[PDB]
Structures are given as C-alpha cells and as structure tokens.
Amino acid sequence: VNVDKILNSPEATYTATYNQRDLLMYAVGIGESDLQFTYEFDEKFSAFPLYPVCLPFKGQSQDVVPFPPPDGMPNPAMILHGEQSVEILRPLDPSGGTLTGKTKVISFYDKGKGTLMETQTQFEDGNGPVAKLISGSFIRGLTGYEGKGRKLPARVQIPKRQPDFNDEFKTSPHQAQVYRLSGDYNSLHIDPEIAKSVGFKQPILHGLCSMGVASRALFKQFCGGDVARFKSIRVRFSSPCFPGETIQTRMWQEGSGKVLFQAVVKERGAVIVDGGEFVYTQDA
C-alpha cells in the first residue's frame, strides 16, 4: 500500500440537495419533537445542526439510496465507523438548499490492529463553506506500512467526576426504520438476518442516530434555542445501541464554550458514544 498515492489522489466533487421535508424526516428520525425542528411554520424553524452528516449518503436523491452510497487504495465487512467530527460554519437554509461537496482521504494510519482512514467532506453553498465533516473508519486487519495523514487532534478524556448535566431519550424499537430514510439504507440496521450474520440478535441503531440523540441533549442544554450557537461536535463510537433502548447523554461543562460528553445505554450501562467534545457559542 502506497499512502502517498492515496493522499495525493484528487478530491471528489459532487452535489447534495435537501428540501424542507428532508429536514422534518431527519428530525423525527433522531427522535426530536420540538416544533423548532418538526414544524415548518414555527417562528424559529431550523434544520437540526447535525443534518449535514446525512448528505454524503443522500447526495442528490429524493428516493431510496442503494447501499453503499483513491489511487493507492488496497474487504468491506472489516470496516467500522469509529469516529465522527462535524463542524458547522453556517446554519443550513431551513427552506431547502443545494450544496457542493468536496471529499478526500486525509489520513491513512497504521494502528497495528488495523487502519485508521479519515475521510474529509467539505460542503459549500453559493456563498462558501457551510459544514466540514471528518469520518474516521477503522479497517480491521489492514497493516504493514508507513502511515501518513493530518495532525490528529488530541484524544478526548472524559473528566473524572460526576456529569454536570444529564438527559435521557427512550428510542423507539422502530427508530432505525425511520432514521434510515435520511440516507443510510444499510441492511444491518433493518434486516435481522443481516444483523445475525455479523453477530447481533437484532438490527443495531445507526451510530449517527445515536450521535443525533446526544446532539439533541447538547443543543437543548447549552444552545438556548439558537442553532447558530451549535459550532462543532466530535465523538468516538465505542459500542452498539439497539432500537428501543434508552440513551443517556452525560454532559461535563468545561468552560470556554466546551462540553465533554458520553452517550450511555441506560439498560446495560454500555458506553455507545465516548470521548465526546462539543463546542458552542457562550451566552450572548
């Protein structure tokens, strides 16, 4: 494997679109019910800030997207979604919009047990940048090379004290059936036979839905009803969640507009979203 050729491979450029209905479908998919996100005539109707994470899946389609949606690139079943970063430069137009996506592999690191591959996506409207996404995939077993990439941000360490704030959300047993309508139609989240074939007695909930659930808690606690205050969020996905389980978001106020967080399944005491770092605009 040649990492230089992977990292010098030109960015891919594409178009993504969303309408108001897509925004509503997303809000219900992550279990949000506040009229700010579920009612187009609300005085403060907005896209939920995390929405751009769906756009690399949905792209330009208004229909079901077949799943799945570089040069020196070397088994899909060995790939885990390990990390996600989302940076919001400007809120999305809640009346709908069309964006240009530019995507590129920015890191390919040999972690020994496998490869960390970081894929960056930048979305722009007509004016300029609106969102920056970094998806960290772990490719199990792929090793034996000199890894290269960007300077990796510090690994988040959760404070050794009780959370400052807690929130809980009971997900529906059919949450994944609703959430998948926002772009990710991976059969792992709906077909019990596919889930069973990879070691799960029931389909698992999309990790990004869990991320949306935690985002809802962070927005509600800190952003004072203003989506423009939701600046950035990054997480590690640590263990699976099943639709029907209760997701607890534990939140640590660290000052300077920084909140560290975890999402935990109440029923099992399993950490599903770890090393959460949230940045928001401090009290206006």
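All residue numbers refer to positions in the sequence shown, first residue = 1.
In terms of unmodelled positions of the deposited sequence, the stretch from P69 to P70 in this entry skips 4 to 9 residues.
According to the entry, the deposited sequence has 1 to 3 residues without coordinates between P74 and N75. Taking the PDB entry as given, 7 to 15 carries the higher mean Cα B factor of the two stretches 7 to 15 and 257 to 265. Remark: stretch with higher mean C-alpha B factor among 188 to 196 and 140 to 148 is 140 to 148.
In this entry, the residue among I204, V156, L208, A131 with the greatest C-alpha B factor is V156.
Remark: of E118, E168, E87, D125, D125 shows the highest value [criterion: C-alpha B-factor in the PDB entry]. The deposited CA B-factor of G96 belongs to the middle third of values across its chain. The deposited CA B-factor of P173 belongs to the lowest third of values across its chain. Per the PDB record, residue ranking by Cα B-factor puts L181 in the lowest third of the chain.
Compared with the other modelled residues of the chain, the Cα B-factor recorded for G82 ranks in the middle third.
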